[PDB]
> 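Below is one structure. I have some questions about it.
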Amino acid sequence: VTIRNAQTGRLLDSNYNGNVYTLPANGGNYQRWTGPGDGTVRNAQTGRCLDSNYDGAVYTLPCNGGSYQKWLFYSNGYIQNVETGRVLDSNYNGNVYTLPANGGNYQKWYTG
Ligand SMILES: OC[C@H]1O[C@H](O[C@H]2[C@@H](O)[C@H](O)[C@@H](CO)O[C@@H]2O)[C@@H](O)[C@@H](O)[C@@H]1O
Ligand SMILES: OC[C@H]1O[C@H](O[C@H]2[C@@H](O)[C@H](O)[C@@H](CO)O[C@@H]2O)[C@@H](O)[C@@H](O)[C@@H]1O
Ligand SMILES: OC[C@H]1O[C@H](O[C@H]2[C@@H](O)[C@H](O)[C@@H](CO)O[C@@H]2O)[C@@H](O)[C@@H](O)[C@@H]1O
Ligand SMILES: [K+]
Ligand SMILES: [K+]
Ligand SMILES: [K+]
């Protein structure tokens, strides 16, 4: 289902172009996500895998088995990219990107 930023209240969102962003909850399936158990976080509408790189950019692409598309969900709300180690982040404008863990609330996420 949904992934909601702890700082901004905006939810994790993505489209068929593979662009990612956050928006207020709006019921659409672009805002729900599925975790099979293989490390991936797949968009409920598109089936694509949330993914990022060493530059900090974050997008979705069809799923390819790479550590890049594998995420770790900690109980403190961090969502960590296995390859880079950088943590999923966003800003009130609805930018999504990754940055070094810095303890910030913009790096926390309620996932249900
Ligand atoms: O009208 C389409 C779409 O609008 C809203 O979706 C937005 C966003 O959440 C989706 O990620 C993108 C996908 O390109 O479209 C909008 O910006 C929701 O109402 C959604 O359910 C709906 O189909
Ligand atoms: O060979 C690099 C990388 O390729 C594939 O991952 C794609 C994408 O998911 C990644 O975010 C970017 C990283 O720059 O790379 C591709 O576009 C996977 O085959 C992956 O295992 C591999 O490391
Ligand atoms: O000092 C602002 C901000 O800095 C640190 O957060 C960084 C990053 O995680 C955020 O997404 C962006 C949002 O604009 O800001 C920094 O780049 C954190 O220490 C944070 O608590 C603080 O508000
Ligand atoms: K779209
Ligand atoms: K900090
Ligand atoms: K602050």
Side-chain angles (χ1 to χ4, degrees):
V1 224
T2 60
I3 303 179
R4 148 173 277 254
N5 203 244
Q7 189 60 55
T8 75
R10 297 167 81 90
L11 308 58
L12 191 73
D13 201 342
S14 74
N15 71 11
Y16 283 95
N17 278 7
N19 303 94
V20 166
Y21 40 93
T22 61
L23 275 172
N26 62 36
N29 298 304
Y30 295 96
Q31 291 178 348
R32 303 167 208 253
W33 294 86
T34 301
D38 64 344
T40 71
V41 169
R42 174 172 212 171
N43 181 268
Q45 179 72 35
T46 77
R48 304 168 63 92
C49 279
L50 191 65
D51 168 359
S52 67
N53 66 19
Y54 273 102
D55 265 319
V58 181
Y59 36 80
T60 60
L61 292 182
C63 300
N64 63 32
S67 295
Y68 289 117
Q69 298 165 6
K70 303 198 191 140
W71 303 89
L72 302 158
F73 281 70
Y74 286 96
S75 291
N76 74 156
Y78 279 149
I79 304 183
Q80 200 189 10
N81 194 280
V82 165
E83 179 59 47
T84 72
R86 299 157 74 93
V87 130
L88 190 66
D89 214 329
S90 62
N91 68 8
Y92 276 101
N93 276 318
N95 290 110
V96 175
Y97 39 87
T98 77
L99 281 174
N102 58 37
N105 280 330
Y106 291 88
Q107 290 190 333
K108 302 179 188 130
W109 306 81
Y110 294 90
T111 300

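FYI, side chains are in, hydrogens and waters are out, and symmetry mates aren't considered; it's all heavy atoms of this structure. Residue numbers run from 1 in the order of the sequence given.
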> State, with a plain yes or no, whether a side-chain heavy atom of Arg86 is found less than 4.5 Å away from one of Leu99.
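Of all side-chain heavy-atom pairs linking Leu99 with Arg86, at least one is under 4.5 Å.
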> Does any pair with a residue in residues 79-112 pass disulfide bond (SG atoms under 2.5 Å apart), and if so which ones, sequence neighbours excluded?
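Pairs touching residues 79-112 that pass the test: none.
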> Side chains of residues 55-63: which donor-acceptor pairs under 3.5 Å do they make with residues two or more places apart or in other chains?
from: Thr60; atom 1: OG1; to: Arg48; atom 2: NE; distance (Å): 3.2

> Excluding sequence neighbours, so at least two apart, what forms ring pair (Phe, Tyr, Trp, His ring centres under 6.0 Å) with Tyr74?
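By the ring pair (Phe, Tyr, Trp, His ring centres under 6.0 Å) rule, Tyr74 matches no residue at all.
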> According to the disulfide bond (SG atoms under 2.5 Å apart) rule, which pairs have a member within residues 67-112, sequence neighbours left out?
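Listed by first then second residue: nothing to list.
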> Tell me the closest heavy-atom pair linking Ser67 and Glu83, and the distance in Å.
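Smallest interatomic distance, heavy atoms only, reads CB-OE1, 3.6 Å.
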> Does some side-chain heavy atom of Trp109 sit less than 4.5 Å from a side-chain heavy atom of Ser90?
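When only atoms from C-beta onward are counted, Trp109 and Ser90 do touch, with a gap below 4.5 Å.
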> Once disulfide bond (SG atoms under 2.5 Å apart) is applied, what residue pairs with a partner in residues 76-112 remain, sequence neighbours excluded?
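Not a single pair qualifies under disulfide bond (SG atoms under 2.5 Å apart).
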> Any pair with a residue in residues 11-43 that passes ring-ring contact (aromatic ring centres under 6.0 Å, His included), sequence neighbours left out, goes on the list, sorted by first then second residue, please.
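Checked against ring-ring contact (aromatic ring centres under 6.0 Å, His included) - neighbours excluded - the pairs reaching residues 11-43 are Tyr16-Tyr30.
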> Decide side chain to side chain contact (heavy atoms under 4.5 Å, CB included) for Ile3 and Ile79; before the verdict, give the C-alpha distance in whole Å, the side-chain angles of both, and the deciding distance to 0.1 Å.
CA-CA 10 Å; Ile3 303 179; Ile79 304 183; 3.8 Å; yes
> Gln80 side chain to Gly85 main-chain N or O, any donor-acceptor pair under 3.5 Å?
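Side chain of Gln80 to backbone of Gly85, a donor-acceptor pair under 3.5 Å: yes, one is there.
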> If you apply the rule side-chain hydrogen bond (donor to acceptor under 3.5 Å, both in side chains), what do you find for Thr22 with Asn5, and how did you get there?
CA-CA 8 Å; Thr22 61; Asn5 203 244; over 6 Å; no
> With rounding to the nearest 0.5 Å, note down the distance linking CD in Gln69 to CG in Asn81.
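If I round to the nearest 0.5 Å, the distance is 9.5 Å.
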> Could you measure the distance from the CG atom of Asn91 to the CZ atom of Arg10? Nearest 0.5 Å is fine.
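Separation between the atoms: 7.5 Å.
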